[PDB]
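Asks: Quick one: the structure is below, and I'll ask about it shortly.
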Amino acid sequence: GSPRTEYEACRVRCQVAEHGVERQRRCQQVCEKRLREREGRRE
């Protein structure tokens, strides 16, 4: 339904995965796109 874990896990993993602003912001959108795509099975 809405696995917030998959999201919070990406923010805590990505934040440490890289360092900066270009990848940081760009990452926030990537991790989010995956979440929204997950919570949304079909509408």
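Our numbering is plain: 1 for the first residue shown, then up by one each step along the chain.
Technique stated in the header: solution NMR.
Using the three backbone atoms N, Cα and C, a Cβ is placed for every residue, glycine included.
Copying in the features that Swiss-Prot gives for the protein in this structure:
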DISULFID  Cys10-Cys31  disulfide bond
DISULFID  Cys14-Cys27  disulfide bond
Asks: Take the C-alpha atoms of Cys27 (disulfide bond) and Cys10 (disulfide bond) and report the distance between them in angstrom, rounded.
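Replies: Computed Cα spacing between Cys27 (disulfide bond) and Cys10 (disulfide bond) is 9 Å.
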Asks: Can you grab the distance from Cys14 (disulfide bond) over to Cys31 (disulfide bond)? Cα atoms, rounded to a whole Å.
Replies: 9
Asks: Long-range neighbours only, meaning 6 or more apart in sequence with Cβ under 8 Å: which ones does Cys10 (disulfide bond) have?
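Replies: Same-chain residues close to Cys10 (disulfide bond) (Cβ under 8 Å, separated by 6 or more) are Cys27, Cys31, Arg34, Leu35.
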